[PDB]
Every structure is written in C-alpha cells, then in structure tokens.
Amino acid sequence: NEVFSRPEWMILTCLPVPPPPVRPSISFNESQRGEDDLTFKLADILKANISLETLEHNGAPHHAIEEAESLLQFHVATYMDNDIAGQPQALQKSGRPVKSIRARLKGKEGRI
Amino acid sequence: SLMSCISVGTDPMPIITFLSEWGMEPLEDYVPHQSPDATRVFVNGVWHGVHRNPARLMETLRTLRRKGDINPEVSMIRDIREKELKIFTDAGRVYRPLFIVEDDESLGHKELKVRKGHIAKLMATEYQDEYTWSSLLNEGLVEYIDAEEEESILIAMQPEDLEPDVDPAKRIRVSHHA
Amino acid sequence: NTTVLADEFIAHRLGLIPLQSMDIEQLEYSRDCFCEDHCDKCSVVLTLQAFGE
Amino acid sequence: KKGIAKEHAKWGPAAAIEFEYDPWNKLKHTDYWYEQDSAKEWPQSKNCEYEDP
Amino acid sequence: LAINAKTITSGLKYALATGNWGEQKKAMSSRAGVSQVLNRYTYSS
Amino acid sequence: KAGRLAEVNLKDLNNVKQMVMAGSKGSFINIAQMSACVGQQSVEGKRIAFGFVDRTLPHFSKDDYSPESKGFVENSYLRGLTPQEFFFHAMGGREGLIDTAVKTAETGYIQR
Amino acid sequence: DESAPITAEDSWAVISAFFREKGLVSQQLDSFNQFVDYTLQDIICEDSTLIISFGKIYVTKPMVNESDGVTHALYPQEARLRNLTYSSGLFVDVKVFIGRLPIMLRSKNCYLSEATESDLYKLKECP
Amino acid sequence: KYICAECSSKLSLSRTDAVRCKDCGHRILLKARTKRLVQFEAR
Amino acid sequence: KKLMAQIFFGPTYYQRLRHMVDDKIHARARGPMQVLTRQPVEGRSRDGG
Amino acid sequence: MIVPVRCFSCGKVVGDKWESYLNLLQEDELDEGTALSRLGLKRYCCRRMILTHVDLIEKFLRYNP
Amino acid sequence: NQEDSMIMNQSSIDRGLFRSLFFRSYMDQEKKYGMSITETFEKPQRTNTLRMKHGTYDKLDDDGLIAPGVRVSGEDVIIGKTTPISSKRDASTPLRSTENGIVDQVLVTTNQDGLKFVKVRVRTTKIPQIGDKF
DNA sequence: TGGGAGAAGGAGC
DNA sequence: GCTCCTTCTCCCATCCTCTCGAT
RNA sequence: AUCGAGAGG
Ligand SMILES: Nc1ncnc2c1ncn2[C@@H]1O[C@H](COP(=O)(O)OP(=O)(O)OP(=O)(O)O)[C@@H](O)[C@H]1O
Ligand SMILES: [Zn+2]
Ligand SMILES: [Zn+2]
Ligand SMILES: [Zn+2]
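Residues numbered from 1 in each chain as written, not as in the entry; some residues may be left out. Chains lettered and ligands numbered in written order. Part of a larger assembly, values for the part shown. Heavy atoms only, no water. Residues with missing side-chain atoms left out of burial classes, pairs and counts.

Looking at the method and resolution fields of the entry, one finds cryo-EM and 2.98 Å.

The deposited PDB record carries the title "The RNA polymerase II elongation complex from Saccharomyces cerevisiae".

As its UniProt record puts it under Subcellular location, chain J is described as follows: "Nucleus, Nucleolus". (UniProt positions renumbered as here; feature names shortened; annotations may be inferred.)

Written as structure tokens, this is what we have:
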C-alpha cells in the first residue's frame, strides 16, 4: 500500500522502543527485584549500536564491522522473535531464553 | 509390587571365566560351519562366543545360581527357537522371587522343592525372638526371575493347581494342569 | 499441659464425661442467669490436677 | 453447665432406646425382602413371644 | 588447600534440592522430576 | 444372553432391578457383569495380545488361543476374579483411564 | 511331618521371612549402599591422574560445620529442625576434603541404621 | 522463659543473652507457655 | 413407622480426605490486580479472580 | 489415640472398658468376642469401638518431652 | 445423599467421628543483606517501621514472637520482625487469611550462618462439615 | 514429538 | 511443460482449580 | 516474578 505499507519499511532503520508500562520492573518478594527481559534486550541493542558507531568512527577493518553488524542483526532479530529455526537462542544471565514479543503474543498464555 | 526388587549390579567376569571352563568356544576360533546346531552365548548383550550342547551349560549355570556361586540376581535366559543363551548381570533389572518346582520322581507328580519342614523352621526362627530368607534362597527353594527370564518358564498360580461335592459359589478356576 | 495430648483434645474428652444430674432441675441456664461465665446457681466448677510422679 | 442434647450430644443421657412394634407383620407396614422363602430367611424377633401368630 | 570443595557440595545440594538432575547451566537432561519432596500425608503415601 | 437370562429370572422386589426398570441408574450390562460374568476384555479395540512370546501370561503354555487364555472373564464380581482374570481386567480397564486423560485433548481441539 | 507338600496358607510364612529380611525400601537402601561403598571409589580412581593422582576415598559420619564453632555430630532431627543438610564429608587420599555427600537415612553411614527401638525413641525418630 | 530440647534450663535469654543453653550445648529452644489462661469450649 | 424396604446396614471402613470446603471456598470483590496486564491476580491465596 | 470415649453411633460410655478389656484378653485368656460380651457391649456399634482401636498413646508416651 | 453424596450423623460427629488435628509451621529467618549488616527479630514499633500489615500486634512478645497458648486468628501477626534500610522497614509474617488456631510450639534456632530464625506451629481442629470429602 | 500440511527443489520424459 | 517427484519445513496437541517448593 | 512438582473435578 502506497500510504500504509511500503517495501522499504520492511528493513528497520529507526526502531521504536516501548514505554516502561510495556516492560515493567517486576518486584517480587521484598528485595528480589529485576528488570524485564525486554529492558535487558534493548540494553543489548544499545550496546551493539554503540559498538557499531565506535567501529565506524574508528574505521575498523571491514571484517570486524561485518561481525558487529551481524551481532546487531542477531540481537534485534531475537528481540522480536527468539524462536528462529536453525539458530541458537539468546540467553539471560540465568541461562534461560529471553521472552521476545513474539513469544509474548503466541500461545494459550499469550496476550490474545 | 510388594515382592519386586531391582538388581544392584554384579561383576560379570566371574561368570565369563566359568563359561570358558564349561566348554564354550571362543568367538575367535569359531567358524559358522561344521556347527549349525550351536548356541550363541551372550553376556550382558555382548556376543561372547558359541557353545555346543547348551542343555548341560544351562543345567550347570542353574545349579550354580541355586547354590550361591552365581549371584541370585543374575538372570540367565535360553531361547531355543533362536538358539541363544543370554546372561544378564547389569543393574536396573526388576525381578521377583517365586518357588521352584522339581520333577520329584519319587512322589509321582512334580512337587515344590520347599516343604513344610522349611516353613516350620522359618516360623521357629520368627518366634525365637537363623533360618532366614537367604537360607531359602541359598538352598534353591526360591528363585529370582525377572521379566526377560519369564519368557522361558511356566508358573503355577497356587500349589494346589499343580496337584493332579463341588461348592457352587466358588470362583471358576480352569486348572488346565500343564 | 505437658502431656502428649492437645488442650482441645482433652477438653473434648472432658465434655463427654457423664456427670451426675439428678437435681439438674434446680440449676439455671447460663443464658437465663444474671451471672458471669462461672457461678454457683448456674454452673458447677471442677478442678483436675495430675502429675506423673 | 446445664444443657440438652440438641445443642451437643454430650448432654444426652440416653445411650440407646430400642423401639419396636408389631413383631409379626400383621399390619403389613413392611414388605419383606426374600430370595426363596420370606418366613425362613428373616429371623424371628424376641417380641414375637408376646403376640399371637 | 588448592581444592575447591564447594563445586561438589553445592552441586550435590542443588539438583537434589530442585530435581533438575544436572548442573544449573543445563536444561536438556532429565530435570525437575528426579528428586521430589517426600509426601508424608499418610504412612501409605 | 447370560445377562438377559440372569435379569429375567430376577424377582421384582430386587433393588437393582427396580433401578434398571426406573432408569435412574444402572443398566443391563451392569446386571450381567455383577451377577453372570464380566465378559471379554479388549484393549485398543482388540482382545488381549501376546506381550510375551506366543502367550499373554507366563502361566499359560505357548500357542494357546483358548478364550480363557486371551482375556475372557468367566466369573462375576460376586464370585470374584481369578488372578489371571484380575490382571486381564486391569489391562482392559486401564484403557478407560487413558482415553480420559490422553484422548480428551484430541476431542477438545476438534471442538475448538 | 518334614516333607509334606505346602498348602496355600503356609506361603505367608515365606512372605513374612522375605519382608523381615528385605524390608519395604530395600530397593533404595541397597542401591545407595552400593554407590558409597563401591561406585564412589570407582569414579574416583577412573582417569584421576593429572600427569595429581587421587587415591583412596573416606566417607565420615554426617556432621555439621558450625559457624565459628567446632564441627559436631549431626542427627536427622537436628538437620530437619535447623534447616541443615544431612551430609558427610568425603576425604580423598591424594587426605584432602573434596566436598560433602548427602547421606541416605538408615543407610550404612547413617546413625539410625545402628539404633534400636529405644535409641530411635531417644533420638526422637519414629521406629 | 525458654526451654531447650535437651534439659529444661528455663533461661531468661534477653536481647544480649542470645540463643543457647547452659547445661547442654544444644541449639534449639522452645519459649515456654503463655501465662494468660486459655479457654476451650468442650464440644 | 416401619419402612416397607429393609435397608442394607453395617460397619464400613471410611476415610476422610484432604479436601474440605473451608479450604476451597473463595469469593472476589475487586481485590488485588497484576502490574503487567492490570487484570485480576491468580490464586485463592492471592485473593484472585 | 487414647480411648474412644462414648460411642459415635449411640452414646454409651466405653472409655472405662479398656483396661478391663486388656485384663480379660491377657489375665483371663479369653478371646475378643467373649471379653467384649463380658464387658456388657451387646450392640455391634459399641463392639467395634473397643474391638477396632489402636492405642497409639503408649507410643507417644515413649518420647522424652 | 443423591448424586454420590452422604448423610452423616451429627450426634456421632459431636462424639468425635472423623475429627482431626491440623498443624501448620511457619518459618522466618533474619539475614545480613551485606557485610556488617544484620536483620533483627523484634517487636515492630508503630512509628519507626516504614511498613505495616494492619494485623494485630498486641499479641507479640518483646522478641517479636508469640508464646504458645495464644489464640491467633485471621490476619494476626505471628512472627514479627523489622528490617533496616541499606528508618526501618517491616518484614513481619502474618497468618493465612482464612486460617485460625492456637500457637502450639515456637522453635528459636540458629542457622548455619549463625543467624537467628524462628519456626511457629499453629494447631487447629477440623470438625467434619457439610461439603467435606470422604 | 508425532502426523500433516504445504512448500520446495529435482528428474524425467 | 508437466510431472510429479520425492524431500523438506511446519504448526499444532481440552477446560478450570488447588498446594508446595526452589531461585 | 520465574521454574518445577504433586493434586482435584
Ligand atoms: N481432563 C479433563 N478434562 C475436562 N474435564 C474433566 C477432566 N477430568 C475430569 N473432568 C470433569 O470431571 C468429571 C469427572 O467426574 P469424576 O472424575 O468424579 O468421575 P464420574 O464420571 O463423576 O464418575 P465417578 O464419580 O463414579 O468416578 C467430568 O464430568 C468432567 O467434566
Ligand atoms: Zn450464673
Ligand atoms: Zn539444655
Ligand atoms: Zn454404641
């Protein structure tokens, strides 16, 4: 659609980050608090983006810029879909896979 | 079940050194010719060799197990229609004890090895608070049989069943009396 | 109560003990007595003291 | 405290009150259950000694 | 000295207290159903 | 036919017959199984198969195809079940619990 | 009166003897006892040389390492009440302390296995 | 007002006194029983 | 009065099970809610719906 | 646990017939039925109260506290 | 008694048929949350603590515990403790909302870390009632 | 993880 | 150009409820 | 909160 859906918009250049209500900091028990999975994944996105910015400012060997771009692509892909077939899953500190938005919207326990 | 146990594990080597002395032929010096009526002797799933005249080997192994030389939790299976002798010694096998029936040619029909004297000894030992379960096991009166070995035995439900006006309310028992 | 039985267990067992009641007609009901939880014309007080000597 | 067995069974002084009437089945208030004979399968109560068959 | 005992202890104390029969970093092996809290509602239980 | 012969010759004051006559609970099969014979035990639509080699239980000889050998309970609940018939009845009745916890999900998906 | 055939009643003497010797939870007590006595040493000895070489292993009685205190004996009731762990230290004759193995109750390494009914009542353990 | 499992010292055990017993070196305590009279309905 | 039907009567061994109504009864009147979806929380112990 | 006082089915006191029951069983060598009948327990609702009872209290009395 | 239900004799229930004892054990520790920090088992104050549970604190002793023999019901506080900040926060443990009883025993013990913790056992009788399963 | 689709890539006339 | 043609990737799998653990 | 277990219709 000319107005609502163009092919050029299927490649992400600027990514919207949701407000805190979408990713609240759950505080169970008394002192056992922790940020949401989406907050950690977005922090990883920011780290990868800053890494690419630093490498470009440094004009790092293209063979390292390519690896940094692949890391950014993997992190922004797992952010929206952690169930990609034939690829390793991104894991939290505890060793469990992150709960992407696709996993939040899918299944009998999903939003819908 | 109440009378089901799990094997704990036993060293198979003492069994193997028996077989080589009982007349088995090592798989190295085995040619699949000149011996078509020969049994494949396995141990713990390993085809250790080939042995002829398996009846004597099985008789000797059963005599050893019903005496304590072989661990009573060792299951020995002979399947004639494939000519395979399978001895198992590993751990994790579920077995249950049950009585042993002998021919007892003296008293006509086949009769249980364990008799009322052993029961009297067991009751005296219980009431003496010598003759324990191990004493029954070591005398060949009771044997451990697992699921795989059950495919080569015939079991009678009750001692009265093997024994070779009528209450109408008693349950129907076929008593085919094999 | 140092015993191996619960307080309310013993209370229930005590409540089931048959007590003499030939002259029950002379006592008053607790609901109808201008008294308190214990009295003399509407209740009878008993005491149990036991020690495992 | 004074009380009745309605509030709690601890106040009931009647252990068991056997109650029977018409030992023979004259009034036909009961239809006896039988397999082959109804007079030989049901035991004859003691109070049958006090009424004419 | 020079031997880390905890690796054994905290190992054997974790799976046995959780049921995940393996290290805390592994989730493939038979897990969560190996060690269970003893049911003492009744002697038969 | 055995159950029908039993039910016909049951007196009218029989309490289980009155429940069947009213239709409140119980049926003909209940009369047959509690008074005449439990019947044939079948699992997965077929009679008891040979779990062992050429037999169903270690107490039967091989190559035995008699009805008693493959799960025919000649006894009633009043008379009591023999150990072989008891085990065959347990095998048959376990299927009635599997399709309650396993095959219920295959008909709920249909309705969804 | 010595070789008469058995009746269906006398087999209960055999079953009573079986349950008097084996018990009801022998299928777990005999498996664990094998692990401590034999399997543990086999695991220790197998490929244990860093060519350093581990050797004999010793399993003590269950004990608790009290904070700033002397290590004393631990009984199952004390472990249950204090939220402790019923375990015993393993010392490898490289004898270096390598860890603590939890001990199964009424096993060969448990005190309750060498306790009579009076001792079990004294230890506040149900016989 | 505190009784150890082994022996019954019936110590005081204030803030400073902490958790322990005199006679026996055992580390569990039961804090006696309330002085207030309880009342159960015998039913 | 006598009953026309004689009643099967006798001792039988009965067991009390862990399930009792005082441990199953529940009712919610706008209690606590979740922080993520702002829906009623789950569980009788949590005063949920 | 100790002794079933009274009788759920009827209400007869059977809490004072335990030691006598044990003495009849042991000292007088009578069987359960004759001992139960000699204690005046005619109805089988009272009879089961003393016949089927586990005196666990003794075991609870074997602990130090 | 229709549809697989039963009629139970109320008089027999009054005499002890199927009555039972129910014990529940609550546990509470105090932990360091640091190197030189420690929680305290004490009676919570009304002005110092930063939090409250709206339960009745009139039954706790000086140490923040309830002696055996006190009828604790509903939202009563049984193991009252206050934790500091890193004035004081509230970390008291109340009873279950739908559970009541009498305190049976109170075990005061030291943890393997040397930290004082307390277990409290509450005892209740569950008389058979309409709707109980047999 | 157990069957199914549907889809895809490949051979053959 | 069908003709398939076998070979692959693919998403599923009843409902509601309770309690107790371990992090 | 997460995870897992067990249990009821
Ligand atoms: N897996 C399940 N899925 C859906 N509903 C179930 C499930 N299991 C049980 N139920 C519900 O519970 C009921 C089963 O009742 P229950 O288990 O008491 O057996 P029943 O049919 O009542 O016969 P009985 O009481 O004699 O066993 C069904 O009516 C059903 O609605
Ligand atoms: Zn008064
Ligand atoms: Zn002391
Ligand atoms: Zn009675």
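Another point: the overall build of chain J. Helix and strand content of chain J: four helices and zero strands. For chain J, the α and β elements follow one another from N to C terminus as α-α-α-α. Referenced to the eigenvectors of the C-alpha coordinate spread, the extents of chain J come out at roughly 40 × 30 × 15 Å. Here the contacts in chain J between residues at least 6 apart in sequence split such that 54% fall between residues at least 24 apart. For chain J, the exposed area adds up to about 3,900 Å²; of that, 52% sits on carbon and sulfur atoms. Positive and negative side-chain charges of chain J, numbering 10 and 9 respectively, have mean locations separated by a distance of 11 Å. (Helix = DSSP H or I, 4+ residues; strand = E, 2+ residues; numbered from the N terminus. Contact = heavy atoms within 4.5 Å. Areas by Shrake-Rupley, 256 points an atom, 1.4 Å probe, with all protein chains shown as cover. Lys, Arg positive; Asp, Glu negative; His and termini not counted. Charge placed at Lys NZ, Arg CZ, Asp CG, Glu CD.)

As a further point, take the environment of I78(K). All names here are of chain K. Structurally, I78 is set in strand β3 (residues 77–79). Judged by its relative accessible area of 0%, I78 is buried. On a C-alpha basis, the gap between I78 and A67 in space is 9.4 Å, while along the polypeptide they are 11 residues apart. Sequence-distant contacts of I78, defined by excluding residues within four places in its chain, comprise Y26, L60, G64, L65, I66, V72, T93, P94 and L95. (Buried < 20%, exposed > 50% of the residue type's maximum accessible area, 1.4 Å probe, protein only.)

Let's shift gears to the sheet that holds strand β5 (residues 75–79) of chain B. All names here are of chain B. If you trace the five strands from one edge of the open sheet to the other, you get β2-β4-β3-β6-β5, paired in mixed fashion. Only two strands of the sheet have a single neighbouring strand rather than two, namely β2 (25–26) and β5. Strand direction decides the pairing type here: β5 and strand β6 (residues 84–88), joined by five bridges, are antiparallel. Opposite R78, over in β6, you have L85 as the bridge partner. The sheet strands contacting helix α1 (residues 13–22) are β3 (39–43), β4 (46–51) and β6, and the helix crosses β3 at an angle near 160°. Each of β3, β4, β5 and β6 is contacted by helix α2 (residues 54–65), which is oriented at about 160° to β5, the strand it contacts most. (Pairing = 2+ DSSP bridges. Axes fitted to C-alpha atoms, helices over the stretch in contact; angles between N-to-C directions.)

Moving on to the coordination of the zinc ion (ligand 2). Residues and elements named next belong to chain C. Donor atoms from the polypeptide that bind the zinc ion (ligand 2) are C33 (SG), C35 (SG) and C42 (SG), placed at 2.3 Å. Here the donor residues of the zinc ion (ligand 2) are spaced in sequence according to C-x1-C-x6-C. For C35, a relative accessible area of 33% gives the class partly exposed. (Donors = N, O, S within 2.8 Å, 3.2 Å for Na, K, Ca; no water.)

So, about the interface of chain D and chain I. Across the contact, nine residues belong to chain D and five residues belong to chain I. Around 710 Å² of area is buried between chain D and chain I when both sides are counted, 52% of it from carbon and sulfur atoms. The tally of links from chain D across to chain I stands at five residue pairs in polar contact. Its residues assigned to classes, the side of chain D that touches chain I comprises four nonpolar, two polar and three charged. (Buried area = accessible area lost by both parts, 1.4 Å probe. Polar contact = N/O pair within 3.5 Å; in protein donor to acceptor, adjacent residues only side chain to side chain. Nonpolar A, V, L, I, M, F, W, Y, C, P; charged D, E, K, R; others polar.)

Right, let's get into the protein's contact with RNA strand N. Surrounding RNA strand N, one finds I26(A), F28(A), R96(A), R31(E), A32(E), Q36(E), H19(I) and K133(K). Residue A32(E) places a main-chain N or O atom 3.0 Å away from a sugar or linking oxygen belonging to RNA strand N. Here a sugar or linking oxygen of RNA strand N sits 3.4 Å away from a polar atom, N or O, in the side chain of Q36(E). Considered class by class, the residues forming the surface near RNA strand N number three nonpolar, two polar and three charged. (Near = heavy atom within 4 Å.)

What follows concerns the UniProt feature "binding site: Zn(2+)" in chain J. Residues and elements named next belong to chain J. In the numbering used here, UniProt assigns the feature "binding site: Zn(2+)" to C7, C10, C45 and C46. A maximum C-alpha distance of 7.8 Å is found for the annotated residues, which run over 40 residues; spatially they form one tight group. Along the chain, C45 turns up in helix α3 (residues 44–51). Residues contacting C45, with those up to four places away along its chain left out, are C7, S9 and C10. One can find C46 in helix α3. Since its relative accessible area comes to 1%, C46 is described here as buried. Beyond its immediate chain neighbours, meaning those up to four positions away, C46 contacts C7, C10, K12, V14 and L41.

A few words now on the protein's contact with DNA strand M. In the vicinity of DNA strand M lie 14 residues, with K108(A), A17(E), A105(F), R44(I) and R24(K) positioned nearest. Here the atoms of DNA strand M within 4 Å of the protein split so that 78% fall in sugar or phosphate, with bases taking the remainder. Among the elements of the structure, α1 (6–18) of chain E together with α5 (105–111) of chain F are those that each provide at least two residues to the surface near DNA strand M. Ranked by residues supplied to the surface near DNA strand M, first place goes to α5(F) with three residues. Residue classes in the surface near DNA strand M are distributed as five nonpolar, five polar and four charged.

The next point concerns the interface of chain G and chain B. Counting residues at the interface gives 23 residues for chain G and 24 residues for chain B. Regarding the contact of chain G and chain B, the summed buried area is about 2,200 Å², with carbon and sulfur atoms giving 68% of it. For the chain G face of the interface with chain B, the top three residues by lost area are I6(G), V14(G) and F18(G), together amounting to 27%. Counting across the chain G and chain B interface gives two salt bridges. Two residues, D10(G) and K116(B), come together in a salt bridge whose shortest N-O distance is 2.4 Å. Elements represented by at least two residues in the side of chain G that touches chain B include exactly α1 (11–21) and α2 (26–45) of chain G. Among the elements that take part in the side of chain G that touches chain B, α1(G) stands out by supplying nine residues, more than any other. When its residues are assigned to classes, the side of chain G that touches chain B shows 11 nonpolar, six polar and six charged. (Salt bridge = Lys/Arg side-chain N within 4 Å of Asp/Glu carboxyl O.)

A few words now on the arrangement of the chains. Once contacts are tallied for each of the 23 pairs of chains in contact, the highest total is for chains B and G. Contact between chain A and chain G is absent, and the minimum C-alpha spacing across the pair is 21 Å.

Time to look at the packing of helix α3 (residues 116–127) of chain B against α1(G). It is at 9 Å that the axes of α3(B) and α1(G) come closest, and there the two elements cross at 45°. Compared by their axis directions, α3(B) and α1(G) come out oblique. Considering how the two elements wind past one another, α3(B) and α1(G) form a crossing that is left-handed. Between α3(B) and α1(G), the contacting residues are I119(B), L122(B), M123(B) and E126(B) on the first element and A13(G), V14(G), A17(G) and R20(G) on the second. Per-class residue counts for the contact of α3(B) with α1(G) are six nonpolar, no polar and two charged. (Parallel < 35°, antiparallel > 145°, perpendicular 65-115°, else oblique. Left-handed = near helix turned anticlockwise from the far one by under 90°.)

Turning our attention to the environment of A32(E). Residue and element names in this part refer to chain E. Assignment of secondary structure puts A32 in the segment after α1. Sequence separation between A32 and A15 is 17 residues; the distance between their C-alpha atoms is 8.4 Å. If we skip the residues at most four places from it in the chain, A32 touches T18, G19 and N20.

We now examine the packing of α1(B) against α2(B). Residue and element names in this part refer to chain B. Contact geometry for α1 and α2: axes closest at 11 Å, N-to-C directions at 140°. Classed by the angle they form, the pair α1 and α2 counts as oblique. For the element pair α1 and α2, the recorded crossing hand is right-handed. Contacts between α1 and α2 involve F18, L19 and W22 on the former and, on the latter, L57, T60, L61 and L64. Here the residues of the contact of α1 with α2 sort into six nonpolar, one polar and no charged.

Turning next to the pairing of strand β10 (residues 142–146) of chain B. Residues and elements named next belong to chain B. Most of β10 is tucked away, with five of its five residues classed as buried. Burial along β10 is two-sided: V142, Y144 and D146 facing one way and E143 and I145 facing the other are all buried. Relative to β10, strand β7 (residues 94–99) runs antiparallel, the two being bridged by five bridges. Paired with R96 across the bridge in β10 is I145.

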